[PDB]
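Below is one structure, written out as structure tokens, with a few remarks after it.
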Ligand code: NA
Ligand code: NA
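Here it is as structure tokens:
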């Protein structure tokens with residue numbers, strides 16, 4: 002599962018992933034609650050799902 | 002189109018709707034971006050859609 | 902131009 006960042010978001014906890022508009026997020030593990038875990042080149046972490054769009058195929 | 006509040010939200014703007022868990026939001030009109038316009042009581046305003054569940 | 906979206910609370 003991959004996704005691309007639609008809105009910027011700054012981590013607020015050491016377990017969160019700071020994402021920026023455009024980046025592709027990989028190794029994405031879903032889960033209800035509004036937060037997903039995945040990696041963007043650098044770090045891995047929990048990022049807010051409503052700020053990114055899931056890629057197809 | 003109605004929904005029920007899942008998380009609490011304190012409207013941080015004159016045009017925002019303050020919502021509380023359990024409340025029924027109605028006359029909701031959607032719009033991309035993370036904010037919906039709906040109504041509770043006699044109050045209407047904008048609130049984050051991921052903060053409520055749309056009733057089936 | 903919608904305002905910035907809000908993340909769902911960490912619960
Ligand atoms: Na999303
Ligand atoms: Na929702």
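Protein chains in written order, with the deposited numbering: chain B, 2 to 58; chain A, 2 to 57; chain C, 902 to 912.
In this text, a Cβ means the ideal position worked out from N, Cα and C, and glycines have one as well.
Requested in this report: Report yes if the C-beta of residue 52 of chain A is less than 8 Å from at least one heavy atom of ligand 2; otherwise report no.
Outcome: Within the chosen limit of 8 Å, ligand 2 reaches the beta carbon of residue 52 of chain A through at least one heavy atom.
**Report entry** Reduced DSSP category for residue 28 of chain B - H, G, I as helix; E, B as strand; rest coil
**Finding:** Residue state, collapsed to three classes: strand.
Report task. Could you tell me whether the Cβ of residue 902 of chain C comes closer than 9 Å to any Cβ of chain B? Result -> Not one chain B Cβ lies under 9 Å of residue 902 of chain C.
Query - Whether residue 38 of chain A touches residue 3 of chain A by CB criterion (9 Å) - result: Going by C-beta atoms, residue 38 of chain A is not nearer than 9 Å to residue 3 of chain A.
Query - Residues that residue 2 of chain A bridges to, as DSSP identifies them - result: According to the DSSP secondary-structure assignment, residue 2 of chain A is paired through a beta bridge with no residue.
Requested in this report: Specify, as a first and last residue, the run of the beta strand (DSSP E) that residue 40 of chain B falls within.
Outcome: The continuous beta strand (DSSP E) containing residue 40 of chain B extends over residues 36-40.
Requested in this report: Indicate whether residue 47 of chain A and residue 17 of chain A have their beta-carbon atoms separated by less than 9 Å.
Outcome: Cβ distance < 9 Å, so residue 47 of chain A and residue 17 of chain A count as in contact.
Report task. Determine the chain C residues that contact residue 46 of chain A at a beta-carbon separation under 9 Å, and present them in chain order. Result -> Under the 9 Å cutoff, chain C gives no residues; its nearest Cβ is about 12 Å from residue 46 of chain A.
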